[PDB]
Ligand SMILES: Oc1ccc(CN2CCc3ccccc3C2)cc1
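One chain comes next, on its own, written as structure tokens: the form solved without this ligand.
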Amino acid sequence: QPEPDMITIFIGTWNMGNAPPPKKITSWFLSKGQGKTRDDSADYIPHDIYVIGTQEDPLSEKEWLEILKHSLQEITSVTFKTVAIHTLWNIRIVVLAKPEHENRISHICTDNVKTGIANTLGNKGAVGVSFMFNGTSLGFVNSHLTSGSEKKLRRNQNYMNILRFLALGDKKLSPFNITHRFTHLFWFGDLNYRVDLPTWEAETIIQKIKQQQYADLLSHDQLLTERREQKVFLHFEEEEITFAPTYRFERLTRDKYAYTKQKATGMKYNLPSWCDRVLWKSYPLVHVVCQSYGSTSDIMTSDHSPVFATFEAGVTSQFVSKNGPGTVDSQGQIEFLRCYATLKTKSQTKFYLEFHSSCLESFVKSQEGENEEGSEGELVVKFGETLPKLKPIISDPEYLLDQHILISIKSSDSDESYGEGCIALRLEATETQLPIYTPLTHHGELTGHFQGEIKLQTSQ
């Protein structure tokens, strides 16, 4: 049996509105309804991994696992294995995989983050799962962010607390948050961003939805506008939305949006909105292709419709040579020329780099760079030709060109990271000086840039 170089991943998000689901939810897992839907000819083909995020989920873990497994068995005739299940309050994530993958999946982690303080701590936050699939790290975050059209800033704060504090993936990657720990990171949920139009425009919005004219609505979608202004989800992708707003429906039909203010809404309007979303971030030059992104039309127990997204995702094998793992391969090396970090920090302290990668026996600390002033006020940390020669564990180009180097720039005084980034070794050429570049972030905010040249030697 050859190891896969691609898998398909199903992501679902559903706010169940504290109601049990209907007896049939197969349309969700088949990516049928509105938007970018899956071809009928694929219906019996199982995805490799199914990741199900719920919010306002009234079921026990056992009740929901039985419904999910029985659903997938009906569709595919496959009995899926439970990889992980984690619940915080009424926020839940389930990971299911094809039985053939049981011995390809390892290092399973779960965690949660509770968002808000006192008033605002009690029901919002995130759950997450990570694991290795052979040589590829996968992370999954299901978040239920703050509700209400006038709380987009709170939602952005909730996002930053989740990416700082969710403890998934390799704990040896200590400088890096979840936005750098995974080959592929999927973040989904009831993110609760709204279409930010006047209340008086409610009936116009409904009209536009009935005409399937989403353009004038998406131009006011708070997640798209906040992402365009770099306020949230920096360096994440989302497929184009071609399905109707998934909130807020009258239950037991999809024919009516319930938007008017009620005691039960805290006298808030719920204009039709794309509350329920799937986003991703993969390391540079890894295969990831969205093959579906849409909402179901036939599941109506909740005031939200379920959302599905499916992906092709590149994966690598668990590589063994005569040498590494357990030693270096003298035939491999990674060199860096003309490198410098540009930092937004107003501070004047010395900096050094740390290089982290599963292609190294352990992380590598550089010497301090030389600080200079940029011509527009910036701090420029020059490394010139001073960065170490990195010694990978395996020199085979079929392995090494698929790897990535995480970079942190750290203060000498405090050893705190000021910026994190990632460089692909998927180069156009080996033994050749080539430009490299990554933005640097800290707590998911842009803090600088790292650029220079790389020269990669493989056994070929």
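Numbers follow the displayed sequence, beginning with 1.
One more form of this protein exists, namely the form deposited with this ligand bound; it is left out here, but the text below deals with it.
Asker: Against this ligand in the entry with it bound, would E150 count as a contact residue? Criterion: heavy atoms within 4.5 Å.
Answerer: No.
Asker: Please run the contact check for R227 against this ligand in the entry with it bound: heavy atoms, 4.5 angstroms, yes or no?
Answerer: It does: once this ligand is placed as it appears in the entry with it bound, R227 has a heavy atom within 4.5 Å of it.
Asker: Answer yes if any heavy atom of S375 is within 4.5 Å of a heavy atom of this ligand in the entry with it bound; otherwise answer no.
Answerer: Answer yes; at least one heavy atom of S375 falls within 4.5 Å of this ligand in the entry with it bound.
Asker: Taking any heavy atom pair closer than or equal to 4.5 Å as contact, tell me whether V328 reaches this ligand in the entry with it bound.
Answerer: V328: no contact with this ligand in the entry with it bound.
Asker: Only one of these stretches, 201-209, 367-375, 304-312, 328-336, has heavy atoms within 4.5 Å of this ligand in the entry with it bound; which one is it?
Answerer: The contacting stretch here is 367-375.
Asker: Please tell me which of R251, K382, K389, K261 lies within 4.5 Å of this ligand in the entry with it bound, judged by heavy atoms.
Answerer: In short, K382.
Asker: Of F355, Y340, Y352, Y269, which residue is found within 4.5 angstroms of this ligand in the entry with it bound when only non-hydrogen atoms are counted?
Answerer: The residue in contact is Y340.
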